[PDB]
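Only one structure is covered here, and it is reproduced in the block below.
What follows is calculated from the coordinates using simple rules that are stated; it is not laboratory data. A quick note on method: Cβ atoms are made from the backbone with ideal geometry, for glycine too, and the neighbour counts reach across all protein chains shown.
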Amino acid sequence: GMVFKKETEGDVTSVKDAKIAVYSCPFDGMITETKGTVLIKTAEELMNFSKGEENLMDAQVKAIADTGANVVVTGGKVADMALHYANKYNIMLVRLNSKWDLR
Amino acid sequence: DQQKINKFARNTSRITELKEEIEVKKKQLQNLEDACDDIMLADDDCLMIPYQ
């Protein structure tokens with residue numbers, strides 16, 4: 001059966017009979033640099049964008065848990081805020097995947 | 001990521017907005033002041049002085 005070299009992140013699937021959700025990039029990771037006017041005027045909207053980002057990936061692992069899939073395949077990188085809700089939801093995660101892994 | 005240059009970008013833009021507010025209030029100051037001197041010079045109290 002299918003052998004994936006990529007390191008298993010989070011706990012194991014809830015069932016071995018799980019529905020396999022294969023996604024190109026559901027989870028992200030944030031870093032930025034100087035803008036059109038360099039280094040934007042506040043850090044409050046940086047905190048305001050960071051709060052909805054966690055509740056976004058909270059609901060992403062939740063809606064996969066609601067729809068029946070107990071494993072998510074991430075061709076993009078793993079978010080930290082996505083990760084600690086995925087452990088409680090008992091859904092297995094792949095940290096990263098290449099072009100051949102998804103196809 | 002730097003939050004002090006986030007304060008530095010906000011600081012220089014607050015320098016710009018203040019100086020422009022001074023200039024528009026100086027021109028309104030001279031506009032009223034030179035409006036005082038012209039109307040006094042022509043025709044003081046003879047019968048009545050209408051004011052808008």
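A dipole drawn for the protein assembly as shown from +1 and -1 charges on Cβ atoms has a positive end, and of A:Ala65, A:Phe4, A:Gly29 the residue lying farthest that way is A:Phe4. Helix A:44-67 versus the longest principal axis of chain A: what angle, 0 to 90°, nearest 10, using Cα atoms? The angle comes out near 20 degrees.
Within 10 Å of each residue's Cβ, count the other Cβ atoms and sort A:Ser14, A:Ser50 from fewest upward. Can you show the working numbers first?
Working: A:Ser14 15, A:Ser50 11.
The order, fewest Cβ neighbours first, is A:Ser50, A:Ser14.
Dipole check for region A:20-103: with +1 at the C-beta of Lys and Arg, -1 at the C-beta of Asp and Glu, and the Cα centre as origin, the magnitude is about 260 Debye.
Using a Förster radius of 41 Å, what is the FRET efficiency between A:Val38 and A:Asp58 based on their Cβ-Cβ separation? Nearest 0.05, please.
Details: r = 33 Å, r/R0 = 0.80.
Once the sixth-power term is evaluated, E becomes 0.80.
For B:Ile5, A:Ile91, B:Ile15, what ranking results if the residue with the fewest other Cβ atoms within 10 Å of its Cβ goes first? Mind dumping the intermediate values first?
Working: B:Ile5 14, A:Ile91 23, B:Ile15 8.
By the 10 Å Cβ count, ascending, the order reads B:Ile15, B:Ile5, A:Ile91.
Neighbouring Cβ atoms within 10 Å as the yardstick, rank A:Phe27, A:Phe4 fewest first.
Working: A:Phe27 24, A:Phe4 11.
Ranking A:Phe27, A:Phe4 by Cβ neighbours within 10 Å, fewest first, gives A:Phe4, A:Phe27.
Remark: for residue pairs A:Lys16/A:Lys62; A:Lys77/A:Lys99; A:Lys5/A:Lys51; A:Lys51/A:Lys77; A:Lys35/A:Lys99; B:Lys7/B:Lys27, the C-alpha separation exceeds 23 Å in A:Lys5/A:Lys51; A:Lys35/A:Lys99; B:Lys7/B:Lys27. Extension gain for A:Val22 to A:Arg95 (0.36 nm times residue separation, less C-alpha to C-alpha distance): 25.0 nm.
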